[PDB]
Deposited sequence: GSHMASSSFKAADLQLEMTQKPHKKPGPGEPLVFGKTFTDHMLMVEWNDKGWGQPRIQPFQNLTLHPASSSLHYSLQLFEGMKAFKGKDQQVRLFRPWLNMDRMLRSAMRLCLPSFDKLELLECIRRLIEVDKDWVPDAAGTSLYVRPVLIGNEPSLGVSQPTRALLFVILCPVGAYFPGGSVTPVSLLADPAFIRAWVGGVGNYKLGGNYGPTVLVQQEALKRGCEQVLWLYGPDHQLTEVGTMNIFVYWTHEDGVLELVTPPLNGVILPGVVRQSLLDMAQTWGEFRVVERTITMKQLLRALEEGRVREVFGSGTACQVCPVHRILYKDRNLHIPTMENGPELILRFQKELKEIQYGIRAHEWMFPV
């Protein structure tokens, strides 16, 4: 059925690495990792063990047929020195959905969260407490069948590694030639296979003077995501109503935890209309011409909320007036999230470690 946190085997490191004294995202790892193997017998006992290489059979289905998925969440240390995870239950939910989509074994969501709690507790001294710092948690589940048949694996590995990590607007390339995901595809799951093919496109954005990719979809050039983040637009819509809009969860949008949190927050304030609806380049162009756009930004765990100041759409260089509008909404979201995350105000959304 599932591994249990009660059965956790703890193996402390004998070679602790020197902590940092900048923090480049996703390149510095803590002393320990979580590791749980699965096979015909079911799940093994979970272990917190020293950070170490994986040993994999050359035919492992994780490396041939991309039987792999991952999560990303953050732990924050408040002034009171208490470390708390941001809405981890949602990541656990999402990870399990990913596993079912790739025919990888299910596990108990609260059991994995506790194992992750235990892991972070072990490496708690790696959690930085400087302003705007955090610990990035990366769970991974891979198939590990030593067979070249494309099939449901009979073996799997679940592991978790940790990274300590340390508002500048960005430019985006919007070219309809590039496609991240399609309806009937798997772009709405956090699977490794969705990321590899984007590397070349990101290089092309850099080649054309932009920092990231604005992923367009469909004949009407829907704005779906920005880089690895969900996209939000704050504008006065064609009906004259002030609203926050983000694309709906219709197959091509990854259901971000930050995304859902911004919707929940804005919805709760009740000061302007908050909707999930498709957004087209055509609508954006008109809105920019009519001075109705206030702010455009991306949302996601690693970078949180990221303002957009420019979109290159074919040869048209479009100025996005996010920064000339405060950015009032971005700043308000960042302020409220910081209060919740760093335990300034106690909250339902934080899970203490």
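- According to the record, no C-alpha positions are given for deposited positions 1-6, 28-30, 176-182, numbered from 1.
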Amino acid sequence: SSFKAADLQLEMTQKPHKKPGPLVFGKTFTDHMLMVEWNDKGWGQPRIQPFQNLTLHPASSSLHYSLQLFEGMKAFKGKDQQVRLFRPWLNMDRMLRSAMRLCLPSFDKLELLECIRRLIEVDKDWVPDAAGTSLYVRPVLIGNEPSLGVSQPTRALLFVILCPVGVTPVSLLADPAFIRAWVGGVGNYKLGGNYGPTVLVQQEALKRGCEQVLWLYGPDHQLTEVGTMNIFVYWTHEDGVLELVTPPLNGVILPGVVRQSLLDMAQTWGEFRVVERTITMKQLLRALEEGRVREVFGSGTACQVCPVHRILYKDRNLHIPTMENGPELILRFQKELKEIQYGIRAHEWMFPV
From here on, numbers count along this sequence of modelled residues.
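- For the segment pair 191-199 and 138-146, the entry gives 138-146 the higher mean B-factor, averaged over Cα atoms.
- When the two stretches 122-130 and 221-229 are set side by side, the higher mean Cα temperature factor goes to 122-130.
- The entry lists C-alpha B-factors for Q81, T278, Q212, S98, and the highest of these is at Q81.
- For the set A177, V186, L263, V165, the maximum C-alpha B-factor listed in the entry falls on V165.
- Among the modelled residues of the chain, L67 sits in the lowest third by CA temperature factor in this PDB entry.
- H57 sits in the middle third of its chain by CA B factor, as recorded in the PDB entry.
- In the PDB entry, a CA B factor belonging to the highest third of its chain's modelled residues is recorded for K282.
- Looking at the C-alpha B-factors along this chain, the one for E295 belongs to the lowest third.
- In this PDB entry, the Cα temperature factor of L331 sits in the middle third of its chain's modelled residues.
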